[PDB]
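Look below for two forms of one protein chain, each set out as structure tokens: first structure 1, then structure 2.
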Structure 1
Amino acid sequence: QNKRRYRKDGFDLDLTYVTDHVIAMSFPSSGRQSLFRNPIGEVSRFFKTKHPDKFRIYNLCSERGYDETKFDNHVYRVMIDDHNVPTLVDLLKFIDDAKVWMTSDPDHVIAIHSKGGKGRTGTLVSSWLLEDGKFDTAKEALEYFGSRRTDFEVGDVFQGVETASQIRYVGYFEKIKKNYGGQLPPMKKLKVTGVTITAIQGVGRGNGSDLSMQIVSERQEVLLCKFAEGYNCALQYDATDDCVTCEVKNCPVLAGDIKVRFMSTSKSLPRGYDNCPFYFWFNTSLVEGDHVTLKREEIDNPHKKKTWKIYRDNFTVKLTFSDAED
């Protein structure tokens, strides 16, 4: 536990001033005893004391709310699942709400929290810093969040954003602010027609036979493919090229933020986050051309270096699309 804490004026909280007006913190907890969980009573007292009538709180946990009247009802909820991302629609809704609040008084602060004030919190903090003009790139904004939230004098565990889709989504915000005036790009609708996984050896059965793919849109399954069986698909394994190629059938029209989960019947293939071997998010409107290809570092779960004997340096997943217009 080397997150940068606030220990002044009779407070001891897991609370970081990323800037003078932008706070990152963990969940305001109740009935806790206690150590490194912030008691809601103390957090409430902190804001009422140090920023009277000049704070707004952002709760990023889809999983849990709390008594917002402890914060005089100045709480805004962004529903994001642990280890996942907001929809771009929700991210921009958040950005505008923070703008409305921050534009009204130079002394106003925002406090962004989640469960651990790490992944989800960093995603929105880094996006806000881009909006506010402090940084011109997602990489730098993310780097800065990491350096503020991590106290390296306490320990060497990084406390910034690490999961690949969260990094991609801050990247998406950069692209939006640089190319689309801060608003969503033109709607692009797509169908997945193919999936290709390179360096398949050592991953489950190492030939795709154990794998399945679920496409999720707006928190609902919209397609399931089971490879070996030919369930909504046709599998082809190439031993010499160390890759599997699967034709994807019956994919409905996809729009917006799409989560793709890969599941396995292999006991050998460990599960990371999201109760599966690997997954990723993308946005249909930010797809360029007829495909999206993701390297190991860009996929959720293979991003962790402990998996790097399983997912080797050339492990990639490519989705092929047809334009829902041709």
Structure 2
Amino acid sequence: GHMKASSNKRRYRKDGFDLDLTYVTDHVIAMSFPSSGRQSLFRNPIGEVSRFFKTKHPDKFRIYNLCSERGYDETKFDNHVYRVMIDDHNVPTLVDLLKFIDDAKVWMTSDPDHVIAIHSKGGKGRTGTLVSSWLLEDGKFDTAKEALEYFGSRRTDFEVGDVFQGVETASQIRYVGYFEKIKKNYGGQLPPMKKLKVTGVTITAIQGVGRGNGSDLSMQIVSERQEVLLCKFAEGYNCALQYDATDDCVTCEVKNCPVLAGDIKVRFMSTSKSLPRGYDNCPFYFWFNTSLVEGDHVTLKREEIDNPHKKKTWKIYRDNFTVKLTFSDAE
């Protein structure tokens, strides 16, 4: 009878394959995670994905797994898998990014028919960071913005909730920009190392954010996956808070910061349940690299901070919401 007995752009549906896989270029593929067991959200069984590569690019593929959270049976891909450990909604260290670029360069230079396939979980934020960096390396684009937007056009749904298309976070945009700066100003290698200590943090348009005066906020500095400083503002825990109602800002002296080098992640937490958490289990956060800092501070506008960069938050983080870190030289 009428009742049965049983039961997009990103879809590759050719030659008996049905996969969440995109040729960003003829030789650079972006895809979602090659999954096992049950299929949820219709994304990509590993047996099929590995069959695809062995059939379409026999002996001429290399797979990049960008998920810190999980690996898989790499022998399904004949051991042609390289891992870049990136947490969801975060960025690779620049050391890890450049190591990836060199690995891909060695592989791609060896044969013009070689392909690379880059994946994460959804194959958007982390994947787009590395795909866009690779396309800069390979000379297809000269700016991070163009590379990111191309990635967005090939791989992603258009998001009205984003300022810019392509990736998931503001730090992801920043890190492709860092790679552009490295390629154009430093010959493709890291800039001279610069060590820093954070001595202050200033937040503008504080009204309406948590308790609206800095008193609910704390700031955690993370280096190489470890907390290296925690400041709790109202309490004076490694800090001293000053709130100015007239100027709608808080300025905090930061105390006891260790010497910082490399990629630094700064997370802001709140005791106010009324201030929503976004990605990374906090209200707002960002990454920066100490060697790419200019002068004695780094200032980030709303669209440059992870979580406030989403339009769905703009009733809380107003047009003039910014965060500035003030530094001292560690050398």
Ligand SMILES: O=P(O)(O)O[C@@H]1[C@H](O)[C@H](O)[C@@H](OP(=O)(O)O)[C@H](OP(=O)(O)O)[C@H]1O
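Just so we're on the same page, rigid core means the largest C-alpha set that superposes within 1.5 Å between forms. Numbering for residues begins at 1 and runs along the sequence of structure 1. Residues that one form lacks are left out of the comparison.
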Task: Index of the chain form deposited without ligand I3P, chosen from the pair - done: 2
Task: Core-fitted Cα difference of 2 Å or more between structure 1 and structure 2, single residue among 151, 97, 143, 90 - done: 151
- [ ] Taking the rigid core as the superposition reference, indicate whether the CA of residue 34 shifts 2 angstroms or more between structure 1 and structure 2.
- [x] yes
Open item on the list: Given a superposition on the rigid core, I'd like a yes or no on whether residue 208 shifts its C-alpha by 2 Å or more between structure 1 and structure 2.
Closed with: no
Open item on the list: With a threshold of 2 Å on the C-alpha, tell me if residue 119 counts as moved between structure 1 and structure 2 once the core is superposed.
Closed with: no
- [ ] Any chance you could measure the C-alpha shift of residue 267 between structure 1 and structure 2 with the core superposed, in Å?
- [x] 1.3
TODO: With the core superposed, could you pull out the runs of three or more residues whose CA atoms all shift by at least 2 Å between structure 1 and structure 2?
DONE: 33-35, 150-160
